[PDB]
Structure formats: structure tokens, C-alpha cells
């Protein structure tokens, strides 16, 4: 059955936002986009639906979120009900690879799942096919906050290689090379990374307590031990993250 690996489910079951941005930043982003009521938002890799739900509440948007996780999709639906916006935003459990909406969106988004389109360029291209005239593309993507000196530092940041990400100005320039204007941006800070990573540790510890005999208990235990050090040594110092608003030239 279509689903993400269990480790992700286990570590992120208590996350509203599956990315290194705070709720305050997500709100800021929504306001920065100057969205009129009834604007349609398509969100590929929509997580637990926080973006769609909170923006439906605060801006009166409508839309669709597609996510491969069975758990996070259920959570998205619950969230929509909790906030009184279940009639405004819909959540589909599915693979977003190659997903093109016939219903074109004023905002077409992929916030932190750019592998869906095979990377930044491919994801932008995919979202462009669902974009209504005059609309905005949202891309959430890491960047090098500082240049990692070695491949060991790149890998400690959970990148395959140093070339996986760009420095901020090089990333912005790459959007221009693809034929897009950068029209807005909200970047994570280290406190946002702290929210995203540190919350996993508590979730893991409680999960271990409640599931001592699970097959994954050993792997979760090992990760809980090493993650705080790895995070603070590598990710927190070297890895940036942001959401970039783009409009085709």
C-alpha cells in the first residue's frame, strides 16, 4: 500500500509542519502572497495539511493537497474539520509524481518535496502545468547557509553530495535562468530548524516507551542517541531552507 517509510511516520506523527519553518513563518508567508478569497491552491506533498488549512481559515482560499502518507492525510482531514474549513480544502492520499490538475491553481506549491519532480527545475516545470494565468509557484527547498568544506559535512547534513544544494544567491539566480521571477520569499532561521528537528526527539522517546518490542525500536533508539549531536554539528550551521515564490517571465 502506498505509504512513506515507517521511520518518517514514527518521528513526525506529532508535527503539524513537516519542515523547518515555524507557524508564525507560515502565517507570514500566507500574508505575503496577498491572496484574495476563493484563490485556488494546489499543494503537492501537502503533509498534514497545515498550509492549506490555516490559509483557508485566514485568507478564505480553497484547494487540494496531495500526500503519500496515509497518516498525514488523515491528520490533514482532521485539521480541516478542527478549523471549520473541511468544505474549502480537500486532501487526497496519493503519489503526486506527474500530477497535473485540470483545475488550474492561482498558487501551485511543492514545499519541501522537490524530489516529486526530480529536483527544483523539474518540480517547477510540473507545477507550471497546473498554474492558472497570473498565478504563483511556491518551491520549498534547502540551500547552503555556509559552504560545506567536505563531502562528510554534506552527508552529515543528510545530502548525498555538496552539489545537491546551492548557496542562496546561486539558487535565486537559478530561478532566473529557468525563466522565473522571484516575487517573494520566506526563509527559515535556526529556530525553525530547531522546531522541526527537536520535536522529533520527544516523539521518538515517547514512541519507544510505548513500543519497546517493535522491530524498529532498535533503529529509533540509535537515531535518538545520535541525532541531537549530528543536527547541531552539521544541519544547524550549514543548511538553510526557504520557500520561494515564482512567476514565469
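Positions refer to the first chain, counted from 1.
For the pair 151-159 and 94-102, the mean Cα B-factor is higher in 151-159. Legend: mean Cα B-factor per stretch from the PDB entry, 211-219 versus 64-72; the higher mean is in 211-219. Per the deposited coordinates, the residue with the largest Cα temperature factor out of 36, 43, 184, 50 is 36. Set against one another, the Cα B-factors of 139, 136, 85, 127 in the record reach their highest point at 85. Split the chain's modelled residues into thirds by C-alpha temperature factor. Residue 179 is in the highest one. Looking at the C-alpha B-factors along this chain, the one for residue 19 belongs to the middle third. The deposited CA B-factor of residue 143 belongs to the lowest third of values across its chain.
Residue 9: CA B factor in the highest third of modelled residues in this chain (values from the PDB entry). Per-chain ranking of the deposited C-alpha B factor places residue 171 in the lowest third.
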